[PDB]
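Let's start with one chain on its own, the form deposited in one PDB entry, as structure tokens.
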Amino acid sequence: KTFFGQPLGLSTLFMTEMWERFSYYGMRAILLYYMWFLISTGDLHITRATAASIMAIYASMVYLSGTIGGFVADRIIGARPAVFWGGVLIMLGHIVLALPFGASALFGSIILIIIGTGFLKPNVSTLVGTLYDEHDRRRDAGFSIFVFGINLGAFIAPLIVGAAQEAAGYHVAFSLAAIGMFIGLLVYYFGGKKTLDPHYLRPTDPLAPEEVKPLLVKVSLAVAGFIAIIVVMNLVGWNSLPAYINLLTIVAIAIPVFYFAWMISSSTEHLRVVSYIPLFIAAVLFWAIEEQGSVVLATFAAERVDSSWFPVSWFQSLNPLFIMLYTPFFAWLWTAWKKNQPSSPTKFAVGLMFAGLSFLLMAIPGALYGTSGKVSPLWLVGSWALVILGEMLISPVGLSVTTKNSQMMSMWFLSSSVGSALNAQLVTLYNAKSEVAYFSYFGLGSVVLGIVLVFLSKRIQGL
């Protein structure tokens, strides 16, 4: 008796992540429109450009805390309570938005989910591995099934939460995301006791008595500095929301920049570290375009599409839908393609070009029909079809390339945060008048950088 040939404990983690992703993407399917609504009622005193910028840097920070939660579980609290309390914090963030408050609660909600997701996201995946003994061949299949639950929860969420918003408003819709995470907690708590190893109720590499003080020193310096920077900013008058967004952008980009300067400074090993830079650049750019689906394309869906008969947030389901459609294809493909399968950097290259083609595609309707009318939903369908096609190329191979150390490995995960941070800047350039320029410009540029990468793709391979 199994769960698709896997240990029964996988079903518990399948359900857990499905409902967490449900809560996350259900919220992000409507959060932008929600901010638009608050602005329209004079409740939220920002521009739409700023609102969209918030979406991007919010994503960026969620990914950033994700690279930290694994450490916290392994060394301090344990993987299983990390997931649980991470879940509680996520639920609370959604609770906060369900309350009769308005713009005043946006910050508290965002902070809660950033921290909570950071605790839950990397450690659920960790617990999936713990189901299999070392050298169990089912491991790949198991993680593949787990990912399917992630995509599934991301697919039904905008459909259900978006419908709820249309029916009963934002506060009810947000409460459904909260309920979703709660379901995840229910199945996780009572399901984990039955099948998860008690070993992971505690940290696996707990701090040694001599390790505690320098860690405390380390984290307290970082906080002190961060606080100091925020102090100076307010003194010199750089205390607007765009200013803080710029600060987090800087932090998000400085972290990998420092790591690269750190590695390159500290002979044969070296060339590869330099060799990874164009790949890391290609990763950031792909994620940038891909992350804009919930921001720029969300705006385009709400303003430029004949979507009078269905909740416009439903467009956010296309991303995980195409992932699920493409997945069993590429599974077969990389297997059947035995003879001369492309290298990992080529995938990176072609992947970025596809993401670039997705934006180029979106430039056509405005150039052909103008940007004052509305166009068919199919333009967006085609765009997501393309960029997900690019994801199938670069995503399954991403951590594979970069692992050919500990900070270096984290940097694949950070490419997601940096592309999103870059988005916090670029996304403010998009509007009705600049639409055709925006898409063409960043579309062509991405393709060319993919063109460059394929030229470079052999030297890097050999290394």
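Counting begins at 1, following the sequence as shown. Only the largest set of C-alpha atoms that superpose within 1.5 Å between the two forms is called the rigid core.
**Student:** At least a third of the other compared entries leaving residue 416 unmodelled, is that the case?
**Tutor:** Residue status for residue 416: no gap in any other entry.
**Student:** Checking the other compared PDB entries, only those that cover the residues flanking it, does residue 269 lack coordinates in at least one third?
**Tutor:** Yes; at least one third of the other entries leave residue 269 out.
**Student:** Between residues given as residue 404 and residue 405, how many of the deposited sequence are not built: none, 1 to 3, 4 to 9, or 10 or more?
**Tutor:** Missing in between: 4 to 9 residues.
**Student:** Which fits the stretch between residue 266 and residue 267: none, 1 to 3, 4 to 9, or 10 or more deposited residues lacking coordinates?
**Tutor:** 4 to 9 residues lack coordinates between residue 266 and residue 267.
**Student:** Averaging the C-alpha B factors as listed in the entry, name the stretch that ends up higher: 450-458 or 437-445.
**Tutor:** Higher mean C-alpha B-factor: 450-458.
**Student:** Please compare 229-237 with 309-317 and say which has the higher mean C-alpha temperature factor in the record.
**Tutor:** Stretch with the greater average CA B-factor: 229-237.
**Student:** Looking at 189, 359, 85, 330, which has the biggest Cα B factor in the entry?
**Tutor:** Among 189, 359, 85, 330, the PDB entry lists the largest C-alpha B-factor for 330.
**Student:** Among the candidates 121, 304, 94, 138, give the one with the maximum CA B-factor reported in the record.
**Tutor:** Comparing C-alpha B-factors across 121, 304, 94, 138, the top value belongs to 138.
**Student:** What third of the chain, by the recorded C-alpha B-factor, contains residue 255?
**Tutor:** It falls in the top third of the chain.
**Student:** Lowest, middle or highest third of the chain for the C-alpha temperature factor of residue 185?
**Tutor:** Residue 185: CA B-factor falls in the middle third of its chain.
**Student:** Can you work out whether the C-alpha temperature factor of residue 46 puts it in the lowest, middle or highest third of the chain?
**Tutor:** Answer is lowest: the recorded C-alpha B-factor places it there.
**Student:** Select lowest, middle or highest to describe the third in which the CA B-factor of residue 365 falls within its chain in this entry.
**Tutor:** Tercile = middle for this residue's CA B-factor.
**Student:** Comparing residue 431 with the other modelled residues of its chain, is its CA B-factor in the lowest, middle or highest third?
**Tutor:** According to the entry, residue 431 has a C-alpha B-factor in the chain's highest third.
Below, we turn to the form deposited in another entry, even though it does not appear here.
**Student:** If you fit the rigid core and then compare C-alpha positions between this form and the one not shown, only one of 38, 32, 426, 411 moves by 2 Å or more. Name it.
**Tutor:** It is 411.
**Student:** So that I can tell if residue 50 moves, could you say whether its C-alpha shifts by at least 2 Å between this form and the one not shown after the core superposition?
**Tutor:** False for residue 50: its C-alpha shift is below 2 Å.
**Student:** Aligning on the rigid core, do we see the C-alpha of residue 394 shift 2 angstroms or more between this form and the one not shown?
**Tutor:** Superposed on the core, residue 394 moves its C-alpha 2 Å or more between this form and the one not shown.
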